[PDB]
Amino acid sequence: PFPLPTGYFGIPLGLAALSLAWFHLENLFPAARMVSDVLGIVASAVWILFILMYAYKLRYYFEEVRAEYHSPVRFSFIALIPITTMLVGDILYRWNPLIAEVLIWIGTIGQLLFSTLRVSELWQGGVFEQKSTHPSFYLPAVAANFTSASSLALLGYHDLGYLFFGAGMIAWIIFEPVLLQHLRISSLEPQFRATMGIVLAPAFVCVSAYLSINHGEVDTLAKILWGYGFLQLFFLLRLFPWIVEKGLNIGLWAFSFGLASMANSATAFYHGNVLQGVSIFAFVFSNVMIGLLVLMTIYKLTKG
C-alpha cells in the first residue's frame, strides 16, 4: 500500500497523445493505425490502473490528496487526471463514440471546475510565493484547456472548442513571461528540473489543438506556433545536461506531452504539404525520445 504520486499520470498522458498522433497518419500510411491502436490500448490500460490507484488514494490517503490540492505548487499535477481522461476518450472514440463523449465531458467539466476553484484562488495572495512559479502551472492553466478544445472539436463542438482554445492560448502567453524571468533569476532545484520538460509543451499542444479545431488547415498562426515551439525545443536540448545533472529519472516523462504534440502537429503539416522534411524529422525525433522513455521505464520496473 502506497499513495500513487499524481505525476505518474504523465505516463498514460504521453502514450495517449502519441497514439493520437499515429492515428492521424492512417490515411497516408495504413500501418500507422495498428501502431496507434497498440499505443492507445496500453495508454488506456495504464490510465485505468492509475485511476483505480487514485480512487484508493482518495479513499485511504485523503489527507495527502488534500495537502497536494492546497499546495500552490503541487495542485497542478491533479490536472493530469482530467487531461488523461479526455485523451483516453479521444482514443476510445474510434471504437465507441458514446463512451468517448462521456469521458470527454467528465474531463472537460472536471478541469474547468478544478481551475475555477484553485487557479483563481491563488489571486487572493499570500500562499503562492515567487518560488511557486513552476512549469507545472501550465497543466491546469494551459494544457487542460487545449485538451478540452481538441476533444470537443472531435465531438463536433468546434465553436465551444475555440472558447477553450482561446482560454488556453491567452493563459499561456500571460503566464510564460513570469515563468521564464523566474527561471533566469532563480535556479530551479534538481528535484524539480525534470519538469522543465513541460516548457516544451505549450506551443506544440497549442498548435495541435488549433489544427484539430480548424480542420487541419496549416495557416500563418500554425507556422508561427511551430517556430516558437522549435525555439524552445532547441533551448531545452541545450539545457538537457543541466536538467539531468543529478541523474536520469522517471520525471523525464514530463517531456512526453510536448514530444507527442510535436508528432501530432507534424502529421498535419505533412498532410498540408508544409515543411514536410521538418515534419518527418519532428515525427521521428519525438517517437525515438518517447521510445527511450518507455525503455527506461521498463528498466526501472524490472528493478523495482
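All residue numbers refer to positions in the sequence shown, first residue = 1.
Asks: Return whichever of 101 to 109 and 205 to 213 has the greater mean Cα B factor according to the PDB record.
Replies: Stretch with the higher mean C-alpha B-factor: 101 to 109.
Asks: Tell me which of 146 to 154 and 175 to 183 has the higher mean C-alpha B-factor in the deposited entry.
Replies: If you average the C-alpha B-factors of 146 to 154 and of 175 to 183, the larger mean comes out for 146 to 154.
Asks: Which of these has the highest Cα B-factor in the record: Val274, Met262, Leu236, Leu248?
Replies: The C-alpha B-factor peaks, among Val274, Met262, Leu236, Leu248, at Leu248.
Asks: At the C-alpha atoms, which of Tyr69, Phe255, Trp47, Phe269 reaches the highest B-factor in this entry?
Replies: The C-alpha B-factor peaks, among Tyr69, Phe255, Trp47, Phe269, at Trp47.
Asks: Grab the CA temperature factor for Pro190 from the record and place it in the lowest, middle or highest third of its chain.
Replies: Its C-alpha B-factor belongs to the highest third of this chain's values.
Asks: Give the position of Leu231 by CA B-factor within its chain, expressed as the lowest, middle or highest third.
Replies: Ranked within chain, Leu231 CA B lands in the lowest tercile.
Asks: Among all modelled residues of this chain, ranked by Cα B factor, put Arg94 in the bottom, middle or top third, i.e. lowest, middle or highest.
Replies: Highest third, going by the recorded CA B-factors of the chain.
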